[PDB]
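Chemist: Once you've had a glance at the structure underneath, I'll fire off some questions.
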Amino acid sequence: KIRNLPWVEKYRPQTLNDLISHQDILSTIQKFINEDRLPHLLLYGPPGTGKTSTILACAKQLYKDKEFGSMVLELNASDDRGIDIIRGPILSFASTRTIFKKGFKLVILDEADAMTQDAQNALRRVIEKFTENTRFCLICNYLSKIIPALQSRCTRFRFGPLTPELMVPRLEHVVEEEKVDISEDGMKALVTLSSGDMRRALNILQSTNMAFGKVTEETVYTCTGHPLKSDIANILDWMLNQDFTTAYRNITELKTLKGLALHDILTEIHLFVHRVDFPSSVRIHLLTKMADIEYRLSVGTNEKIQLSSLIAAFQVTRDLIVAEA
Amino acid sequence: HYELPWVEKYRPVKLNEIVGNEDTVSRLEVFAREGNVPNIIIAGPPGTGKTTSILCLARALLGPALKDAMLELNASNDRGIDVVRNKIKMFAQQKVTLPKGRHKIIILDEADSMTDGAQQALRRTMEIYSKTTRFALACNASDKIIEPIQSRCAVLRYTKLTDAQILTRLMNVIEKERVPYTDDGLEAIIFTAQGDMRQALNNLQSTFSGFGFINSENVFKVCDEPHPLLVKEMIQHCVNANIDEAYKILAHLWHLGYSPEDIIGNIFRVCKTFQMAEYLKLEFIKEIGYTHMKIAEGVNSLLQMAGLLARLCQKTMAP
Amino acid sequence: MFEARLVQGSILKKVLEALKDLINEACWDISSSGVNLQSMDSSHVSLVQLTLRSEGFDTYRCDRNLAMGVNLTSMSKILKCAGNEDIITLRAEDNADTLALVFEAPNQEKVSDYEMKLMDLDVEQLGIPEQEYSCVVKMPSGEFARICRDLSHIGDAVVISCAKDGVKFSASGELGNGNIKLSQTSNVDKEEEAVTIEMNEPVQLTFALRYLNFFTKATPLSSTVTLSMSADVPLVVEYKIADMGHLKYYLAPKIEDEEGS
Amino acid sequence: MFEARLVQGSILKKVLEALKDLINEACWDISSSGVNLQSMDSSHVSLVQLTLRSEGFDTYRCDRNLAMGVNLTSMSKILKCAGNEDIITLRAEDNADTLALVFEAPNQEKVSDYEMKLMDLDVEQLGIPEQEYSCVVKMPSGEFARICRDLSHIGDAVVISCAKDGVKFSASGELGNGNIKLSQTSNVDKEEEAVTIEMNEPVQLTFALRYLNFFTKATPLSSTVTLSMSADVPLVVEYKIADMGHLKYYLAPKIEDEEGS
Amino acid sequence: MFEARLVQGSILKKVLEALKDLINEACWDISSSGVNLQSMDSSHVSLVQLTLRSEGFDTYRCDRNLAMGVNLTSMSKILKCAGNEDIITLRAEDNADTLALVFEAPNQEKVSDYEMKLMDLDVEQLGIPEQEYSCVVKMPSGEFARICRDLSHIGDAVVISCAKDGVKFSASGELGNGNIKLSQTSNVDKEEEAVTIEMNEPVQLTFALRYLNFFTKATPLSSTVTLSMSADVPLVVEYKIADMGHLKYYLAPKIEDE
Amino acid sequence: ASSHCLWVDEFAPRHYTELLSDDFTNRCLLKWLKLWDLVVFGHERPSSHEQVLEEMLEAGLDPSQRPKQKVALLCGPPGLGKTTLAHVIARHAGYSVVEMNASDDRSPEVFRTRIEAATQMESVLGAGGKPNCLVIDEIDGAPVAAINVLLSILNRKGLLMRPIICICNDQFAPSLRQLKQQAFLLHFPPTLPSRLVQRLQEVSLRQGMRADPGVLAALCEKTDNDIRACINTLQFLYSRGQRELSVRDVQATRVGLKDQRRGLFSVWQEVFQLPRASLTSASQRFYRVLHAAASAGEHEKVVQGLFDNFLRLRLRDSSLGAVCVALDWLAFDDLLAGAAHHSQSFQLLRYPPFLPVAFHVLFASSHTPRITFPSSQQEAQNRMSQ
DNA sequence: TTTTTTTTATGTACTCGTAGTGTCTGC
DNA sequence: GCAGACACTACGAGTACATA
Ligand SMILES: Nc1ncnc2c1ncn2[C@@H]1O[C@H](COP(=O)(O)OP(=O)(O)OP(O)(O)=S)[C@@H](O)[C@H]1O
Ligand SMILES: Nc1ncnc2c1ncn2[C@@H]1O[C@H](COP(=O)(O)OP(=O)(O)OP(O)(O)=S)[C@@H](O)[C@H]1O
Ligand SMILES: Nc1ncnc2c1ncn2[C@@H]1O[C@H](COP(=O)(O)OP(=O)(O)OP(O)(O)=S)[C@@H](O)[C@H]1O
Ligand SMILES: [Mg+2]
Ligand SMILES: [Mg+2]
Ligand SMILES: [Mg+2]
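Protein chains in written order, with my numbering: chain A, 37 to 361; chain B, 11 to 329; chain C, 108 to 368; chain D, 108 to 368; chain E, 411 to 668; chain F, 1354 to 1739.
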């Protein structure tokens, strides 16, 4: 049947085989499940890498549909997770048995970085004392927000960013099941603008399929609003080659015609500075200047003045680079 | 029955199986043999074995009178102003027959979560009933425990585990578990553990369950290299105003998926104990805090971290 | 269309004051046979099954089956303002979200239409095993509620043991041990007060006290409560309402560890 | 010079906790006919009229017409130390700026006097029009206490209508509406439960929930409560305090918001 | 092995609510003559002496001399589940940390075995309080509890002065003054209501109110109360019980006399 | 029962002659308790900070034959014997000790009835009964209303007829401000190392083991003049395996080291003054200043003291660069406090602990600065509110 | 050899006082 | 049968602090 869902939730890896990237971690987790020795897990990494979907596939594989409510106590940041919950429902779930079928339970704590330090300190002996009856999985994005005792109690698996080589076939499966016409440069633009995140890749694909009907590099860079690599190279060429008024006129004409934003321009220029063989002092000055401009754009500021400062940060170092020789 | 993980299955049951801090563990073994132990606070890093030492000492001292002459309280319990007044005090006055040299043991694990008023109320019940009962506290940060409680005990302090001390128990677990291995893989396990025996056992069990053999690349496929060991070298590169290698390490840590908050926190911890000038360290810490303000308000990209690295390189060349 | 009608409103009051501090939301399962309610508590430890027969209602019609998720904290504030000798009406349309709770005041004049808003919590159907129990005990609900209150004074978790002679209640608490053993007290004038043993295998299990006293709030529902117990399957506190149906409870045992010594 | 004696001490233990949270001052006006209290809030939403006649006092001596103001903060702490069935005597001199309050036992050698500073307040009488309303109905006091607490669990603003069938209490919120229409209960043993309608023009208006719930803790002062309201005249709630006088309340209508998309 | 089978659970019920807030502990001294409780407040204010002999129980067995340091609040949750007309088996082992109480309280076969963890206190010794009392009278118990509640309404301390006509009770407060004069009430049909005067050297002392009212909490337990007081010697109320034993109390007066 | 007791309880003082406190404090407490005999025992005859205490002892009596100081407040660091001296002095003067602690409920009604029970009636034993001496340990942990109840029962003009001894660990608590204007203020100096080393020698000799006095002096300097910590540390280090204590065992940090809550004035003195002359390395001074300033607590008061005291020194920076960067550091702390209290990101509070070590690096001098308490910011805020 | 006070804007945790309220006792 | 007394839990209120 057809369903009205976003593509980041319609296409969810219900099994561990449908996830793409972290093959060694998932093989170790499947060997933990198959040998009935699953320990307390600590799944951490950047967003969109598949940490919630991994433990949901684990809970679906471990327990059937007729007994899922008796085995999984899933608590996230949307629910109240105070020390009353740790000393109350979580402790009573951990210290008791199962109603229907004999087996070990699972307490999934999504967004464990948002838990308070009192609840995390109260969670230590609940994990340690009842490790035979239940297992605790903590999923976080920031490992610095988890106390070192909880990091010691749970073995950690770093769910790193999804590389674009293994990220292609999942997008191909979504395209084939969604009947989407896509070119090679469109898939390249998806796996480039996503930057290790399969959620925003599917969001970009759905938004481009709704906006244009086709997925090409032009359509993706128009729907997202990102500047293309050639235009960033042209902006760098104008800032490094011509005088202030002509480069200002060229960059302002390009930004008016394409409707570009200065944040993406600053990001791509910062990426192109480290590739360009600059001197160390020039690179240090440029990095400090673009850090100042990108900080300045976080408030109610005029974007034209910041664009003039972005040109100025290269017009300062043009003479230094040339006289360096 | 379900098989326990190697952290809790291979918990030491006697005081001679605990490695690390040999003098303190030997004195605890002597106390467990003879008796009349004083009030004890054990402080140290996580995974050192403070709970293991306290429970082994209590099990060896009490024995068959364990279920009635030992009161164990944790952070999962309340331990408020009412629990100290009606539960610690009533158990302290409670009459339990015991052999000579043996006392009731009140184990207060994770005493940092104990409030200040409860620790103030804990003092007089600790001093009055010391003829009949004894106290055993375990903590990570000893500064959270108040000074009158620390004056009432022999505050023992545990150090981080030496690699040979982890290696001996790694031999023990390997020969009872029949784990094939190489030497370099076990050095990789020790390197990933970093003084944490829980992390050593967890990483050894993960590598044995996922691959069945312990070499270096089998360990590093599922475990990770520790983060501040690269941050130390990148801060060292920032000291000599070398922005290229510092950005190389920063981009390597960025492509590994580390959030800017974790990176800047480990930068601050490395710069806390780094070996440079004092004024240079102070302006480095001020620059780190100024960047962390921008991280906290909402803007957190690779450009901000590169700007922080460039400002740290600027601080050296600006006397 | 769904139109149920409680013959007295005191039956609904005693049901939902027992699940007020226990269950999270009321998931009414509606069919032609009757009104069902099978939802766990917040801690996923206890399970409540409630089945009300259609023959006990005044008039009951149900054209199509519905799943009826209703928040109970907002629901339990309406049975406070409900009479006990009074008429309770429950209405639900085919594709709407309003839930008309129409009744009368204790002054007994006025219609009082109160509305609820339905929730969309999908829930997987929890399979009741319906297996034979190795200890079946009939016991009055007033006596079962009294010794659960006395055992909450002494300890935190109670050891409940059943055998050939009778049930036995033990509470290893802070102040000491509290042991109550009752048997064969059917030699009285009343028929509600009776202790009867049906099966043979002797079990021993430890349960949390905070849920056993929660289950005994259904004392005005039934004069006699059936206690079902075995080694693997949990404890059952079974209330059978006289002309409405039955109220079925489950409570998982606690994890205990023997000393190594 | 003002000196008065009460028959019961529970009258001030039932009238003065009601205005614990309405008004910031207690202005008593002395006349030969009796005492008068007309005060407003800081929000200018509720007006309270308290008139106790001189014929019911044990003694009453009055010579001049003055105006004294009493604060609430020190007064509320005093009455918790006072008795319930005792006699309460008051004293106030012509030139002294300190009202004396005595709550002695009816058979006691010594008195207990907790005096307070007289607040010199400059207020004026707005003047109630005492015009003919649109509906005047009589209601029980204790039942009015329950129905004001009834709608407090639904929303923050309630709607009171009064047509020829009865007086309609409505409370619309995010949970669900609740409609209550008291009518035609003259066939009872007590004369208290007789709900009658005297007039006829129907008026629909919206009144704030909190000030009615601040009123209904003074319900055992009287037997019945008379409710009077009109289209633009504020709602009048009438109390008759035994044989010593009467009490009148006033609520302006709550301001209804707009409706948008 | 120690066993004490009290024939009614009402008499051991009515002991403890009299001494609930009064003493923080109970020290049952176990001997062949009977039970003994020489308990003492930590502020040296009131003393409780309780002795019930062996013949007043259903049975009594004692091997050697024993002492029961017992938490009093921890006992009080047992008697809340006890009955009024039932048999109470107060038992303990010789060298053990427990004290069991076996009864059938709800009269529905319900064998309740409630154990109590003993506590150890220091062995303080109060041998014999001296009894050279100048003023002794006998009073009804139910009248004594009512006048102690009457003076608790107004004042916070009672000035008690003995006299040949009777014992005079006085109290003062900001609300008023409570005072009554005791007269000779021996001309009644009830023998417990009669006041007997066998005193000399009248004295006038001041006593606290929060300690006097809980002395009169056990007034249904015994019909007659014997008041004993003198100069520089604490007041004694005495509850002579019918068959199993006797109860007496002690109360130090206030420093500020009259 | 040698194996049934702690060494602090076995070697506890029972007589007056075996106390280890300062002798003055003992004389002052004994003379304060011995003048109470006129009202309690009914007998006329009993048988700088120095000058104020000696004047106030012989200050006379008010017209109630009772002292003008109705309680005695005993202040000092933990581990000297304040409770021990109070109990020994109370048992020496014929009194009976009534102990108040933090393990009681300490609600105002409970406090009121317990003081009224302890102090306002005599003994039940009658003649020969010892009078009741109320000892209130840990009065600094009591709430404000409990101290108000104590001052209400102190000033009844129902007069107080029995002495009360109050023991606290910090006199500068806000709940004990009024008490200090009414009490016999006894300040406890830290114990002398010679008597402490001799008492540790007696303790070690009574247990039949040898420790030379160099390692005992090292233990005394490590445990901060603490009898209880040193005796517990000796009990752990001796055991029965060996008899001779090694210097390297005490010099090791694995046993007997406790975190010490440093005072504000000690922190300001260690920041503004260099240690007198190994320990000459600047990194060790950096870590020591940072750790002790973090361990002191009350960071805002430290910031206010550094703001109010850094301009009164003999500054060698005539170009005002150090003053400018110190004000930059103070503005950095203020910006961090605003950013932590605005964005709800409290992980920015790890850097304002580095403000006192920045002031120590900038203004390290070998002089003796006169550090006063900060009050300009508080009086400015009060005046602005006014 | 030196000691007062409420501002920062939420979120959470702790502790304590108070107030309806179910239930038990008694004439 | 109804008035008084007992403990019970829910709720309002004040205060502290949040980092390594
Ligand atoms: N490894 C993956 N393989 C396939 N699809 C993936 C993968 N990771 C993410 N997705 C897709 O992205 C969606 C969201 O993934 P999530 O598991 O919710 O990400 P996440 O790891 O939970 O990140 P955070 O920290 O919770 S925002 C999934 O429903 C999939 O459609
Ligand atoms: N010194 C040790 N020798 C042997 N095994 C150890 C040692 N320390 C830790 N372990 C192992 O690690 C497990 C956990 O040790 P714990 O004693 O719980 O650590 P910890 O010192 O209590 O740290 P925290 O503060 O509780 S997180 C034990 O069950 C052992 O299996
Ligand atoms: N002269 C002494 N010789 C040996 N031990 C002593 C001596 N004087 C005191 N002690 C012990 O040292 C401790 C004295 O401290 P206490 O008086 O109990 O408490 P305190 O010194 O007031 O400090 P705090 O604030 O209460 S922790 C007790 O354990 C005494 O037994
Ligand atoms: Mg997720
Ligand atoms: Mg531990
Ligand atoms: Mg002390």
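Every residue, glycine too, gets a C-beta built ideally from N, C-alpha and C.
1) Does any C-beta atom of chain A lie closer than 8 Å to the C-beta of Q129(B)?
2) Do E1623(F) and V1600(F) have their CB atoms nearer than 8 Å?
3) Is the beta carbon of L78(A) sitting closer than 8 Å to the one on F248(A)?
4) Leaving out the 5 sequence neighbours to the left and right, which residues in its chain are closer than 8 Å to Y168(B) when beta-carbon positions are compared?
5) Are there three or more Cβ pairs, one per stretch, closer than 8 Å when the segment 519–530 of chain E is compared with the segment 278–292 of chain C?
6) Compare the C-beta of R167(B) with all C-beta atoms of chain A and state if any pair is closer than 8 Å.
7) Report the residues of the segment 281–315 of chain D with a CB closer than 9 Å to any CB of chain C, ordered along the chain.
8) For the 8 Å Cβ check, are there 3 or more pairs between the segment 1507–1526 of chain F and the segment 1426–1443 of chain F?
9) In chain order, which alpha helix (DSSP H) runs of at least 4 residues are fully inside the segment 244–322 of chain A?
10) Please identify, using Cβ separations under 7 Å, the residues of the segment 321–342 of chain C that lie next to chain A, in order along the chain.
11) What residues are listed by DSSP as bridge partners for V568(E)?
12) Unbroken alpha helix (DSSP H) runs of length 4 or more, entirely within the segment 144–229 of chain A: which are they?
13) If contact means a Cβ-Cβ distance below 9 Å, which residues of the segment 189–209 of chain A contact chain B?
14) With distances taken Cα to Cα, identify the nearest neighbour of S149(C) among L52(A), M107(A), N70(A).
15) What residues in the segment 213–242 of chain C have a beta carbon less than 9 Å from any beta carbon of chain D?
16) Identify each residue in the segment 182–200 of chain C for which the Cβ-Cβ distance to at least one residue of chain D is less than 9 Å, and report them in chain order.
17) Check whether chain C comes within 8 Å of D128(D), counting only Cβ atoms and requiring the distance to be less than that.
18) Excluding the 5 residues flanking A477(E) on each side, which residues of the same chain have their C-beta closer than 6 Å to its C-beta?
19) So, under 8 Å CB-CB, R73(A) and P190(B) are touching, yes? Tell me the CB distance rounded to an integer number of Å.
20) In the DSSP assignment, the beta strand (DSSP E) including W16(B) goes from what residue to what residue?
21) Counting only C-beta atoms, is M80(B) closer than 8 Å to chain E at any point?
22) Answer yes or no: do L92(A) and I69(A) have a C-beta to C-beta separation smaller than 8 Å?
23) Could you tell me which residues DSSP puts in a beta bridge with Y346(D)?
24) Can you tell me whether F223(B) is buried or exposed? The criterion is at least 16 other CB atoms within 10 Å of its CB, across all chains shown.
Modeler: In brief:
1) Residue 129(B) sits at position 119 when you count from the first residue of the second sequence. It does not: the Cβ of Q129(B) has no partner Cβ on chain A nearer than 8 Å.
2) Position 270 of the sixth sequence, counted from the first residue, corresponds to residue 1623(F). Position 247 of the sixth sequence, counted from the first residue, corresponds to residue 1600(F). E1623(F) places its beta carbon 8 Å or farther from that of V1600(F).
3) Stepping through the first sequence from its first residue, residue 78(A) is reached at position 42. Stepping through the first sequence from its first residue, residue 248(A) is reached at position 212. The answer is no: Cβ separation not under 8 Å.
4) Residue mapping note: residue 168(B) aligns to position 158 of the second sequence, counting from 1. Same-chain partners within the cutoff: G30, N31, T34, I52, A53, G54, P55, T58, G59, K60.
5) Contact check between the segment 519–530 of chain E and the segment 278–292 of chain C: three or more CB pairs, one atom from each, fall below 8 Å, which counts as touching.
6) In the second sequence, counting from the first residue as 1, residue 167(B) sits at position 157. No, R167(B) lies away from the interface with chain A (no Cβ there is under 8 Å from its Cβ).
7) Listed in sequence order: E281, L282, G283, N284, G285, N286, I287, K288, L289, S290, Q291, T292, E300, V302.
8) Under the three-pair Cβ rule at 8 Å, the segment 1507–1526 of chain F counts as touching the segment 1426–1443 of chain F.
9) 253–259, 265–277, 280–294, 298–311
10) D339, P341
11) If you number the fifth sequence from 1, residue 568(E) lands on position 158. Partner(s): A581(E), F617(E).
12) Listed in chain order, the alpha helix (DSSP H) elements of length 4 or more contained wholly in the segment 144–229 of chain A are 153–158, 160–165, 184–189, 200–214, 220–229.
13) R189, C190, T191, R192, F193, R194, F195, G196, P197
14) As a first step, residue 149(C) must be located in the third sequence, where it is residue number 42. Measuring from the Cα of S149(C), the nearest candidate turns out to be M107(A).
15) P213, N214, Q215, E216, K217, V218, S219, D220, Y221, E222, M223, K224
16) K184, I185, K187, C188
17) Within the fourth sequence, residue 128(D) is the residue found at index 21, counting from 1. For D128(D), the answer is no, since every Cβ of chain C falls outside 8 Å of its Cβ.
18) By 1-based counting over the fifth sequence, the position of residue 477(E) is 67. Excluding positions up to five away in sequence, the list reads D439.
19) By one-based count along the first sequence, residue 73(A) stands at place 37. By one-based count along the second sequence, residue 190(B) stands at place 180. That pair is no contact at about 18 Å.
20) Taking the second sequence and counting its residues from 1, one reaches residue 16(B) at position 6. Run containing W16(B): none in the beta strand (DSSP E); it sits in the alpha helix (DSSP H), 16–19.
21) Here residue 80(B) is taken as the residue at index 70 of the second sequence, counted from 1. It does not; no Cβ of chain E falls within 8 Å.
22) Within the first sequence, residue 92(A) is the residue found at index 56, counting from 1. Within the first sequence, residue 69(A) is the residue found at index 33, counting from 1. Result no, Cβ atoms of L92(A) and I69(A) do not sit closer than 8 Å.
23) As a first step, residue 346(D) must be located in the fourth sequence, where it is residue number 239. Looking at the DSSP output, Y346(D) shares a beta bridge with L354(D).
24) Numbered from its first residue, the second sequence carries residue 223(B) at position 213. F223(B) should be labelled exposed.
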